[PDB]
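Asks: The file below is run22.tsv, TSV, C-alpha atoms:
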```tsv
chain	number	residue	atom	x	y	z
A	731	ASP	CA	12.23	-18.90	-3.90
A	732	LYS	CA	14.29	-16.22	-2.15
A	733	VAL	CA	14.67	-14.33	-5.40
A	734	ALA	CA	10.87	-14.65	-5.42
A	735	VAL	CA	10.60	-12.63	-2.19
A	736	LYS	CA	13.39	-10.37	-3.42
A	737	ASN	CA	11.22	-9.57	-6.44
A	738	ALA	CA	8.24	-8.68	-4.27
A	739	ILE	CA	10.01	-6.55	-1.69
A	740	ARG	CA	11.26	-4.28	-4.50
A	741	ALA	CA	8.07	-4.63	-6.52
A	742	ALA	CA	5.87	-3.46	-3.65
A	743	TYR	CA	8.11	-0.49	-2.70
A	744	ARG	CA	7.84	0.97	-6.22
A	745	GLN	CA	4.14	0.22	-6.29
A	746	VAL	CA	3.31	1.95	-3.00
A	747	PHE	CA	6.04	4.59	-2.73
A	748	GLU	CA	6.70	4.87	-6.48
A	749	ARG	CA	10.42	4.52	-5.69
A	750	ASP	CA	13.07	2.08	-4.45
A	751	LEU	CA	13.70	2.88	-0.75
A	752	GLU	CA	17.22	3.36	0.64
A	753	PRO	CA	18.53	0.69	3.03
A	754	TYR	CA	18.30	3.04	6.03
A	755	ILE	CA	14.72	4.05	5.24
A	756	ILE	CA	14.05	0.33	5.23
A	757	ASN	CA	16.04	-0.13	8.42
A	758	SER	CA	13.67	2.37	10.00
A	759	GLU	CA	10.29	0.61	9.63
A	760	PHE	CA	10.53	-2.34	7.26
A	761	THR	CA	13.12	-4.60	8.80
A	762	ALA	CA	10.49	-6.80	10.48
A	763	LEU	CA	8.16	-7.20	7.47
A	764	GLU	CA	10.92	-8.07	5.06
A	765	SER	CA	12.02	-10.80	7.48
A	766	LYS	CA	8.50	-12.12	8.03
A	767	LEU	CA	7.81	-12.09	4.29
A	768	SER	CA	11.19	-13.76	3.88
A	769	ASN	CA	10.60	-16.23	6.69
A	770	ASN	CA	7.21	-17.01	5.17
A	771	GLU	CA	5.33	-15.70	8.22
A	772	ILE	CA	3.17	-13.12	6.38
A	773	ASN	CA	1.98	-12.87	2.77
A	774	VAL	CA	2.31	-10.07	0.18
A	775	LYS	CA	-1.05	-8.56	1.11
A	776	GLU	CA	0.14	-8.24	4.73
A	777	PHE	CA	3.49	-6.71	3.73
A	778	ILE	CA	1.58	-4.34	1.41
A	779	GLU	CA	-0.46	-3.41	4.51
A	780	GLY	CA	2.69	-2.76	6.52
A	781	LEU	CA	3.43	-0.28	3.78
A	782	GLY	CA	0.18	1.66	3.80
A	783	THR	CA	0.22	1.71	7.60
A	784	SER	CA	3.87	2.73	7.63
A	785	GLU	CA	4.76	6.17	8.94
A	786	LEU	CA	6.83	6.81	5.82
A	787	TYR	CA	3.66	6.36	3.73
A	788	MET	CA	1.72	9.00	5.68
A	789	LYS	CA	4.70	11.32	5.24
A	790	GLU	CA	5.13	10.52	1.56
A	791	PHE	CA	1.47	10.46	0.48
A	792	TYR	CA	-0.73	12.08	3.12
A	793	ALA	CA	1.31	14.74	4.87
A	794	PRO	CA	1.50	16.80	1.62
A	795	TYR	CA	-1.65	16.23	-0.46
A	796	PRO	CA	-5.41	16.59	0.39
A	797	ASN	CA	-8.23	14.13	1.21
A	798	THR	CA	-8.97	13.75	-2.51
A	799	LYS	CA	-5.37	13.24	-3.53
A	800	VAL	CA	-4.76	11.14	-0.43
A	801	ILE	CA	-7.55	8.88	-1.63
A	802	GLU	CA	-6.56	9.09	-5.31
A	803	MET	CA	-3.08	8.01	-4.29
A	804	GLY	CA	-4.29	5.04	-2.29
A	805	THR	CA	-6.58	3.53	-4.88
A	806	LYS	CA	-3.82	3.59	-7.47
A	807	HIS	CA	-1.35	2.12	-4.96
A	808	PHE	CA	-3.33	-0.68	-3.28
A	809	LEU	CA	-6.04	-1.25	-5.87
A	810	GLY	CA	-3.99	-0.21	-8.89
A	811	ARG	CA	-6.78	1.92	-10.36
A	812	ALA	CA	-8.22	5.39	-9.98
A	813	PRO	CA	-11.31	5.90	-7.80
A	814	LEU	CA	-14.52	4.60	-9.41
A	815	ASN	CA	-16.36	7.83	-8.78
A	816	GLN	CA	-16.83	10.77	-6.42
A	817	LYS	CA	-19.15	8.41	-4.60
A	818	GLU	CA	-16.40	5.90	-3.73
A	819	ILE	CA	-14.38	8.98	-2.83
A	820	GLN	CA	-17.00	10.33	-0.44
A	821	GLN	CA	-17.36	6.70	0.62
A	822	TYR	CA	-13.61	6.66	1.25
A	823	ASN	CA	-13.36	10.13	2.74
A	824	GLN	CA	-15.69	9.05	5.56
A	825	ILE	CA	-13.47	6.08	6.42
A	826	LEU	CA	-10.55	8.48	6.94
A	827	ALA	CA	-12.65	11.08	8.75
A	828	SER	CA	-13.78	8.47	11.26
A	829	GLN	CA	-10.91	6.04	11.84
A	830	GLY	CA	-8.01	7.75	10.08
A	831	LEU	CA	-5.44	6.67	7.51
A	832	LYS	CA	-4.88	3.03	8.52
A	833	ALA	CA	-8.65	2.64	8.37
A	834	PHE	CA	-8.70	3.71	4.75
A	835	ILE	CA	-5.69	1.53	3.89
A	836	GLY	CA	-7.28	-1.54	5.47
A	837	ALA	CA	-10.62	-1.17	3.72
A	838	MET	CA	-8.85	-1.73	0.40
A	839	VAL	CA	-6.21	-4.33	1.18
A	840	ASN	CA	-8.73	-6.28	3.24
A	841	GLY	CA	-11.42	-5.81	0.62
A	842	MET	CA	-13.07	-8.28	-1.70
A	843	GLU	CA	-11.97	-6.55	-4.91
A	844	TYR	CA	-8.39	-6.66	-3.70
A	845	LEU	CA	-8.58	-10.28	-2.57
A	846	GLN	CA	-10.12	-11.31	-5.86
A	847	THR	CA	-7.88	-9.22	-8.05
A	848	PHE	CA	-4.55	-9.84	-6.32
A	849	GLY	CA	-5.08	-12.47	-3.67
A	850	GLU	CA	-2.45	-12.58	-0.94
A	851	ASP	CA	0.89	-13.30	-2.62
A	852	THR	CA	0.58	-10.95	-5.54
A	853	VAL	CA	1.79	-7.39	-5.52
A	854	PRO	CA	-0.76	-4.83	-6.70
A	855	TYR	CA	-0.06	-3.34	-10.13
A	856	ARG	CA	-1.69	-0.84	-12.46
A	857	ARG	CA	-4.67	-2.64	-13.97
```
Show the structure stored in the file as structure tokens.
Replies:
Amino acid sequence: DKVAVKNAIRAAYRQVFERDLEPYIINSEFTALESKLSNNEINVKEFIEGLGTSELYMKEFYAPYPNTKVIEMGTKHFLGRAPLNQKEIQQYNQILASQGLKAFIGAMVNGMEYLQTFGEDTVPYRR
């Protein structure tokens, strides 16, 4: 039950950030979400969205890389698969170009494929 959340918190940090985050990095932006997830006030999907919309995520996977890698990184993180094709990429690039990062992040986590593949209480994984 609590170990069940415990599993997810960790699970989702490695999925998104590819690493286990240090307590203080958590203390910076994830204190609320962990609690909500813990207190059963938000689901995994939501917590996974707190991640993509985190500032740490933009630093970690946007600040460095380019539009193509930014996008390549996101599909593998939130959809657990590479981009379907340049098309989806161009399709994705425009999201960014018009509403920014969060936009992009939301289009996947709030998408049908995501909802059908993972649901709301399942952490994305490489499919």
Asks: Using all atoms listed in the file, find the one residue out of A:779, A:843, A:818, A:850 that sits nearest to residue 746 of chain A.
Replies: A:779
Asks: Write out as a PyMOL selection string the residues lying within 12 Å of residue 814 of chain A, counting all atoms listed in the file and excluding same-chain residues fewer than 6 positions away.
Replies: chain A and resi 801-802+805-806+820-822
Asks: Counting all atoms listed in the file, figure out which residue out of A:785, A:760, A:745, A:750 gets nearest to residue 809 of chain A.
Replies: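 Closest residue, counting all atoms listed in the file: A:745.
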Asks: Could you work out how far atom CA of residue 839 of chain A lies from atom CA of residue 823 of chain A, giving the answer in Å with one decimal?
Replies: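 Answer for the atom CA of residue 823 of chain A to atom CA of residue 839 of chain A separation: 16.2 Å.
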Asks: Name the residues in contact with residue 739 of chain A at a cut-off of 10 Å, using all atoms listed in the file, excluding same-chain residues fewer than 3 positions from it; report them as a PyMOL selection string.
Replies: chain A and resi 733-736+742-744+750+760+763-764+767-768+774+777-778+853
Asks: In terms of the shortest atom-to-atom distance over all atoms listed in the file, which of A:751, A:845, A:800, A:827 is closest to residue 781 of chain A?
Replies: A:751
Asks: Between A:775, A:766, A:740, A:749, which one has atoms that come closest to residue 849 of chain A, using only C-alpha atoms?
Replies: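 Distance minimum relative to residue 849 of chain A lands on A:775.
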Asks: Considering all atoms listed in the file, can you say which of A:855, A:804, A:819, A:765 comes closest to residue 783 of chain A?
Replies: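 When distances to residue 783 of chain A are compared using all atoms listed in the file, the smallest one comes from A:804.
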Asks: Using the file's own x, y and z axes, so that the box edges lie along x, y and z, what centre and edge lengths in Å (one decimal) does a box around every listed atom of segment 835-841 of chain A get when 3 Å is added on each side? Give it as JSON.
Replies:
```
{"center_x": -8.6, "center_y": -2.4, "center_z": 2.9, "size_x": 11.7, "size_y": 13.8, "size_z": 11.1}
```
Asks: Please indicate the distance in Å from atom CA of residue 773 of chain A to atom CA of residue 851 of chain A, rounded to one decimal place.
Replies: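 Interatomic distance here is 5.5 Å.
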Asks: Quick one: pull the distance between atom CA of residue 857 of chain A and atom CA of residue 842 of chain A, Å, one decimal.
Replies: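 According to the coordinates, atom CA of residue 857 of chain A and atom CA of residue 842 of chain A are separated by 15.9 Å.
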Asks: Taking only C-alpha atoms into account, which of A:787, A:799, A:761, A:754 comes nearest residue 812 of chain A?
Replies: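 So, comparing all the options, the nearest one is A:799.
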